[PDB]
Amino acid sequence: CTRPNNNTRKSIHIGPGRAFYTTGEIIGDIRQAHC
């Protein structure tokens, strides 16, 4: 587990082009949430 996701800490870099935070990252965050 990890606690980004619920505050999306490891994924802020971009923003306007939201889906440019990258699959690996969003999926990583979502994996990390499976607690």
# chains A, B, ... in the order shown; residues from 1 in each chain; ligands from 1
>>> residues_around(residues="residue A:2", least_positions_apart="4", cutoff="10 Å", atoms="only C-alpha atoms", output="ChimeraX atom specification")
/A:6,28-35
>>> residues_around(residues="stretch 8-16 of chain A", least_positions_apart="4", cutoff="8 Å", atoms="only C-alpha atoms", output="VMD selection string")
chain A and resid 4 20 to 21 25 to 26 29
>>> write_last_selection(atoms="N, CA, C and O atoms", output="PDB file, in the first residue's frame")
ATOM      1  N   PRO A   4      -0.653   8.161  -1.698  1.00  0.00           N
ATOM      2  CA  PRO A   4      -0.759   9.292  -2.629  1.00  0.00           C
ATOM      3  C   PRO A   4      -2.257   9.352  -2.953  1.00  0.00           C
ATOM      4  O   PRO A   4      -3.002   9.863  -2.118  1.00  0.00           O
ATOM      5  N   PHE A  20      -1.756  13.213 -19.067  1.00  0.00           N
ATOM      6  CA  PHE A  20      -0.303  13.241 -19.201  1.00  0.00           C
ATOM      7  C   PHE A  20       0.437  12.955 -17.878  1.00  0.00           C
ATOM      8  O   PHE A  20       1.666  12.912 -17.895  1.00  0.00           O
ATOM      9  N   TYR A  21      -0.258  12.708 -16.749  1.00  0.00           N
ATOM     10  CA  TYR A  21       0.443  12.201 -15.545  1.00  0.00           C
ATOM     11  C   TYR A  21       0.947  10.750 -15.724  1.00  0.00           C
ATOM     12  O   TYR A  21       1.690  10.257 -14.881  1.00  0.00           O
ATOM     13  N   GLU A  25       1.972   5.917 -13.607  1.00  0.00           N
ATOM     14  CA  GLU A  25       1.811   6.718 -12.387  1.00  0.00           C
ATOM     15  C   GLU A  25       0.417   6.563 -11.771  1.00  0.00           C
ATOM     16  O   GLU A  25       0.276   6.159 -10.622  1.00  0.00           O
ATOM     17  N   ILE A  26      -0.620   6.860 -12.561  1.00  0.00           N
ATOM     18  CA  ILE A  26      -2.032   6.727 -12.191  1.00  0.00           C
ATOM     19  C   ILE A  26      -2.353   5.298 -11.694  1.00  0.00           C
ATOM     20  O   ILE A  26      -2.908   5.104 -10.615  1.00  0.00           O
ATOM     21  N   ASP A  29      -0.413   4.665  -8.383  1.00  0.00           N
ATOM     22  CA  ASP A  29      -1.269   5.309  -7.396  1.00  0.00           C
ATOM     23  C   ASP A  29      -2.490   4.460  -7.031  1.00  0.00           C
ATOM     24  O   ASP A  29      -2.784   4.246  -5.852  1.00  0.00           O
TER      25      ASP A  29
END
>>> select_by_dssp(residues="chain A", states="helix (DSSP H, G or I)", output="list in words")
residues 18, 19, 20, 21, 23, 24, 25, 26, 27, 28, 29, 30, 31 and 32 of chain A
